[PDB]
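First the structure, in the form of structure tokens, and then the observations on it.
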Amino acid sequence: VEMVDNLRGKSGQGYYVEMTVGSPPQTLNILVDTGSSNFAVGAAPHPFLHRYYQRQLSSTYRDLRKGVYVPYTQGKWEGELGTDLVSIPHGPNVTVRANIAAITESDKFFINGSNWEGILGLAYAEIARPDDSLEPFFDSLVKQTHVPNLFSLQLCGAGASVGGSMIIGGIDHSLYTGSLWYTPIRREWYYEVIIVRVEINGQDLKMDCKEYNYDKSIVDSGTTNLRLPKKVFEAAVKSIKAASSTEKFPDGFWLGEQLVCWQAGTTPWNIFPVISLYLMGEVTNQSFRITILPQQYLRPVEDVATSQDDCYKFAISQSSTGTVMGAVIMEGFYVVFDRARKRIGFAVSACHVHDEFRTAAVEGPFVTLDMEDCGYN
Ligand SMILES: CC(=O)N[C@@H](Cc1ccccc1)[C@H](O)CN[C@H]1CC(C)(C)Cc2nn(CC(C)(C)C)cc21
Numbered sequence: 040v041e042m043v044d045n046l047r048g049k050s051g052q053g054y055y056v057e058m059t060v061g062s063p064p065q066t067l068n069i070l071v072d073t074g075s076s077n078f079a080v081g082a083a084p085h086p087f088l089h090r091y092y093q094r095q096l097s098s099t100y101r102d103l104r105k106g107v108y109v110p111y112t113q114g115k116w117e118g119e120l121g122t123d124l125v126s127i128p129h130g131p132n133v134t135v136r137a138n139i140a141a142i143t144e145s146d147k148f149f150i151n152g153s154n155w156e157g158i159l160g161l162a163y164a165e166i167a168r169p170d171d172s173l174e175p176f177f178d179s180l181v182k183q184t185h186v187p188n189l190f191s192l193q194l195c196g197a198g208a209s210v211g212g213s214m215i216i217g218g219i220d221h222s223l224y225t226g227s228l229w230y231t232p233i234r235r236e237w238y239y240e241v242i243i244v245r246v247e248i249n250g251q252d253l254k255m256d257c258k259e260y261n262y263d264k265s266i267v268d269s270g271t272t273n274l275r276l277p278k279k280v281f282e283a284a285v286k287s288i289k290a291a292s293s294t295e296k297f298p299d300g301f302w303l304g305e306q307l308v309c310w311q312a313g314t315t316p317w318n319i320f321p322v323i324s325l326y327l328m329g330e331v332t333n334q335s336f337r338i339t340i341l342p343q344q345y346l347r348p349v350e351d352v353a354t355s356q357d358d359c360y361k362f363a364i365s366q367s368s369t370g371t372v373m374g375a376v377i378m379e380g381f382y383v384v385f386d387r388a389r390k391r392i393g394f395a396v397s398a399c400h401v402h403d404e405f406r407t408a409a410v411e412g413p414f415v416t417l418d419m420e421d422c423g424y425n
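Numbers 40 to 198, 208 to 425, taken from mature numbering (1 follows the signal peptide of the UniProt record, and there is no 0), label the letters of the sequence shown in order.
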């Protein structure tokens, strides 16, 4: 399909897809964000924008006469709502009319050299700003075209520059191997899921499973790290420390605020454990596990200045807002957002993570006869 390899990015800075807005079409790169539900594009000059949406140049622009403000984990923006024609040159061969927030002010949102100038929130209307009557893009796309109500993401961030695919309307079987395991979307707002068990080096963290979903867990392509509620993050760090205790790192490293560096080519991958996240299955008390390697959770930081070394930031961090399965954990899986059947599917992706000793995996089933719902509330 002409859709394969339509994502690009820089590591830690999100993955983006080419879109056009307006008529005649204005080309913009747009961040793919399953962690939010607003379509917003820079629409005035900013030191970090290479280009921006010029509403005056679009004869199909319609102004909704309504402001909007979106704060995310750290960045935020404000702008003006309207609608316009939108296309995805390397996606489905359609043009739809969609709501678009024209960002006119922002703080800590745009990133210097990221190459994107806007954001596609792919989650549900329940969390759109200003409220749930602002129809999200994907809903408009499905309503206006015959595109099936499903999209999949293969995020590779493999060899700063990263790639992948966003396949809309379909499952591309050349993008994964083995089977697809499905977890139910628990509620349609974020892509909310349920983690039932966490292991490090195969050792269970032995917590009540509701702690892992305090107070929701989501799948979030717009967030880099695996973020964990404090109690789970502390338990996990203790475990990973213990597994890797042949070397000691500063506390700043574990807090995500300092790099760790090894002379180029010598990163000791084998001293770090794998992490397994077990997700609720489609049948009662069954689960499957996705297993992640330290090549995924030690994120490389490209910097020519430090390049006699390879240097890494620890990409597991504390959350006061629930577990966030960010790009770290999506990378090397093919993740299918099957909105039509209210589930998300995971399979090992054609760009999987891989070492001569260990491989990321998606595998099941696992059973737990213990009858506790792991949903927080
Ligand atoms: C790290 C981050 O904030 N990512 C957001 C996307 C983004 C991409 C580039 C620059 C800045 C922001 C992504 O949407 C975050 N997803 C969730 C992460 C949460 C649940 C911990 C907090 C939150 N707030 N929002 C905003 C809203 C409440 C309006 C849905 C989205 C989210």
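Backbone N, C-alpha and C define an ideal beta-carbon position, used for all residues, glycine too.
Item to complete: Verify the contact flag: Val210, CB atom, against every heavy atom of ligand 1, threshold strictly below 7 Å.
Response: no
Worksheet item: Is any heavy atom of ligand 1 found at a distance shorter than 7 Å from the C-beta of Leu120?
Response: no
Discussion item. Which same chain residues end up closer than 7 Å to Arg387 when comparing Cβ atoms and leaving out the 5 residues on each side of it in sequence?
Written reply: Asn188 and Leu189
Practice prompt. Report yes if the C-beta distance between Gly329 and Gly412 is below 8 Å; otherwise report no.
Written response: yes
Worksheet item: Can you tell me whether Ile139 is buried or exposed, with buried defined as 16 or more other CB within 10 angstroms of its CB?
Response: buried
Worksheet item: Using CA coordinates, which residue listed in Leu161, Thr122, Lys115 and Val135 is at the minimum distance from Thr143?
Response: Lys115
Practice prompt. Answer yes or no: the CB of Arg234 versus the heavy atoms of ligand 1, is any distance below 7 Å?
Written response: no
Discussion item. Using 8 Å for Cβ pairs, my map puts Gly380 next to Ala408. What's the rounded Cβ distance?
Written reply: 5 Å
Discussion item. Beta-carbon within less than 6 Å of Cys309's beta-carbon, same chain only, minus the 5 sequence neighbours each way: which residues are those?
Written reply: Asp357 and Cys359
Worksheet item: What's the C-alpha gap between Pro84 and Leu120?
Response: 18 Å
Item to complete: Taking only the alpha-carbon atoms, compute the straight-line gap between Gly48 and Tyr108 and give it to the nearest angstrom.
Response: 25 Å
Item to complete: With distances taken Cα to Cα, identify the nearest neighbour of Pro63 among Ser126, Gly370, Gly74 and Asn318.
Response: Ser126
Worksheet item: Less than 8 Å separating the beta-carbons of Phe149 and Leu161?
Response: no
Item to complete: Determine the contact status of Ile248 and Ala284, defining contact as a CB-CB distance below 8 Å.
Response: yes
Discussion item. Please return the same chain residues whose Cβ sits closer than 7 Å to the Cβ of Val40, not counting the five positions on each side in sequence.
Written reply: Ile215 and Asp220
Worksheet item: Within 10 angstroms of its Cβ, does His89 collect 16 or more other Cβ (buried), or is it exposed?
Response: exposed
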